[PDB]
Amino acid sequence: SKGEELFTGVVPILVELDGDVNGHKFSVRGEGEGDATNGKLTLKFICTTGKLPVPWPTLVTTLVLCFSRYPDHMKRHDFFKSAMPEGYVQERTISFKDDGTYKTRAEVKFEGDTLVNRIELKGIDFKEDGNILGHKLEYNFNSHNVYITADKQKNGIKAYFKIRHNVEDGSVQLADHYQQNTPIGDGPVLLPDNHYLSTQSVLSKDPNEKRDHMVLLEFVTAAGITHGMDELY
Amino acid sequence: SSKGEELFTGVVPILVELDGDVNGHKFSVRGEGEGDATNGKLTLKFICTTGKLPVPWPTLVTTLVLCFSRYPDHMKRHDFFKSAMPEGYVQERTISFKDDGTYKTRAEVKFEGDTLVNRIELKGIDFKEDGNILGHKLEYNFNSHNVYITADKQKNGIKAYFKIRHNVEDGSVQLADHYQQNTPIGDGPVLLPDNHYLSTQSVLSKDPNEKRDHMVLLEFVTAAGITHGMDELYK
Ligand SMILES: [Cl-]
């Protein structure tokens, strides 16, 4: 795609999220940069409305898969970069086991030289003293796989994965992610064969930042394409 | 699928000790940190305990614990590195810097109590006086790579090959070919794998509180390249 050429260097990123969970509103703004050749992202997020009413780890997946490292042999299967520069809509339902649900809608696109992710998030049916609204999640993150398949009828993709959030008592809070992406433009996009992305995330704090915030390093790498060749062999 | 796998289900402390000699320039490095194999994650800080490193930090990354790789459930029977524990394995490499010299390394990786220890000797020869390595012309960063692995039935271990791409300060790339062998230290049985690869990603940084010559490293290593029937069914 012509879109993949936009990612050959380090690209600045802007993230803007407006959220409402059980009526608790908040906004998050993030900035940083992405290096898709190595599949690497670094960002700092601030809650601009004061205190975040949910744990930061619950927002990581919502807060730019166009920065995934796609191996040379799998370039034809990178939908995210192929939709650029006009971009794509990413929508999810995230179901927290035994608790509430987030519904998200994001637009990911270039504005000038910057890759912007603008998100609206609505959360409902959370327990006021559950793991989420009770802030019982550890400030850390696990490695996951994002499973991707084409959705020809929407000219896009679907994905599924299950996030594991460590809870302060030693338990694990599961969050099922149901995802769809569709291009914003009408130009042609690449629809992939089935594959997955391996993800790793590291969360930290800036010691000179007084606002409620999260520093994030993330790696995302594509794998799992069965070429006819090795299916033969 | 091995007993050794059980030693890696949580966070394991790591100690790394390296003695090096590159064209007669001697040095030592000590590293400490921890590994979380469930997530394929390593966090370490290394100090050059002899003062200044005579080679670029990036050239030592690969030498300075693949037992911390995340193997997917369906590939756990191919995890040689964990299966050799706790007695451990010897890891040897020849690393050829294209158009420059060579490192030869020998390391023992094993548990000493609750700590996973990597103790290494490195000898470097034939480096060019004008070159990217002794000239310190390499950027302080690292790229993502694939480590290719195959069984070595004759030595009851494995062999590996990969090509590291080091960014050079003028925009070129300095290649480093890695040839690797691993063999178990103990007698116990080990898992000999089908061909596969490890996908690696690394971030180099500095600790603002540390005034010694040092490198902070975060790394992710995940096994791949062996498919499973449920994934293939729907392709
Ligand atoms: Cl250096």
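Residues numbered from 1 in each chain as written, not as in the entry; some residues may be left out. Chains lettered and ligands numbered in written order. Heavy atoms only, no water. Residues with missing side-chain atoms left out of burial classes, pairs and counts.

A. Spotlight on the overall build of chain A. Within chain A, the secondary structure is distributed over two helices and 11 strands. Along chain A, helices and strands appear, N-terminal first, in the series β-β-β-α-β-β-β-β-β-β-β-β-α. Across its three principal directions, the C-alpha atoms of chain A cover 50 × 40 × 30 Å. (Helix = DSSP H or I, 4+ residues; strand = E, 2+ residues; numbered from the N terminus.)

B. Structural context of the side chain of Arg70 of chain B. Mapped onto the elements, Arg70 of chain B comes out in the loop between β3 (41-48) and α1 (80-83). Here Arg70 of chain B is buried and forms no salt bridge, its nearest opposite-charge partner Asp73 of chain B lying at an N-O distance of 7.4 Å. Within the local environment of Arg70 of chain B, its side chain forms a polar contact with the side chain of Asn145 of chain A, the two groups lying 3.5 Å apart. Setting aside chain neighbours within four positions, we find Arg70 of chain B in contact with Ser143, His144, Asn145 and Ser198 of chain A together with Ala37, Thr38, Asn39, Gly40, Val221, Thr222 and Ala223 of chain B. (Buried < 20%, exposed > 50% of the residue type's maximum accessible area, 1.4 Å probe, protein only. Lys, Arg positive; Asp, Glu negative; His and termini not counted. Salt bridge = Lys/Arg side-chain N within 4 Å of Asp/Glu carboxyl O. Polar contact = N/O pair within 3.5 Å; in protein donor to acceptor, adjacent residues only side chain to side chain. Contact = heavy atoms within 4.5 Å.)

C. Expanded view of the nonpolar core. In terms of nonpolar packing, the biggest core is built from 58 residues, with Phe26, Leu63, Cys66, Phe67, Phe80, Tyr102 and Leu115 of chain A touching the most fellow members. The element best represented in this core is strand β1 (residues 11-21) of chain A, accounting for five residues. In contact with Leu63 of chain A, other than residues within four places in its own chain, are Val15, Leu17, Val28, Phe45, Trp56, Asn117, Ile119 and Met214 of chain A. Of all hydrophobic cores here, the second largest spans 57 residues; its members include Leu64, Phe80, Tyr89 and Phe142 of chain B. (Core = buried A, V, L, I, M, F, W, Y, C linked by side-chain atoms within 4.5 Å.)

D. Local environment of the interface of chain B and chain A. Counting from both sides, the interface comprises 23 residues of chain B and, opposite them, 20 residues of chain A. When the buried surface of chain B facing chain A is broken down by residue, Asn39, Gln201 and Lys235 of chain B rank first, second and third, together holding 29% of it. Run the count over chain B and chain A and you get zero salt bridges. The tally of links from chain B across to chain A stands at 12 residue pairs in polar contact. Of all the elements in the fold, those that place two or more residues in the side of chain B that touches chain A are β7 (145-152), β10 (196-205), β11 (214-224) and α2 (229-233) of chain B. (Buried area = accessible area lost by both parts, 1.4 Å probe.)

E. Quick peek at the environment of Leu115 of chain A. All names here are of chain A. Position of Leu115 relative to the elements: it lies in strand β6 (residues 114-124). In this structure the C-alpha to C-alpha distance between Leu115 and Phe67, which are 48 residues apart in sequence, comes to 9.9 Å. Apart from residues lying up to four places away in sequence, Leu115 is in contact with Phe7, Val11, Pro12, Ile13, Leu14, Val64, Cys66, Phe67, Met84, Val108, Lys109 and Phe110.

F. Spotlight on the packing of aromatic side chains. Taken as a whole, this structure holds 21 aromatic pairs over all chains when the rule is applied. A ring pair is formed by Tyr102 of chain A and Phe126 of chain A, whose centres lie 5.3 Å apart and whose planes are at 45°; its orientation type is tilted. With a gap of 24 residues between them, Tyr102 of chain A in strand β5 (residues 101-111) and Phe126 of chain A in the loop between β6 and β7 (144-151) connect regions that are remote in the sequence. Across the pair, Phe126 of chain A and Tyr102 of chain A agree in class, each one buried. Centre to centre, the rings of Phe97 of chain B and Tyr103 of chain B are 4.8 Å apart; their planes meet at 70°, and the pair counts as edge-to-face. Accessibility classification places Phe97 of chain B together with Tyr103 of chain B in one group, the buried group. (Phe/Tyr/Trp six-rings, centres within 6.5 Å; stacked < 30°, edge-to-face > 60°.)

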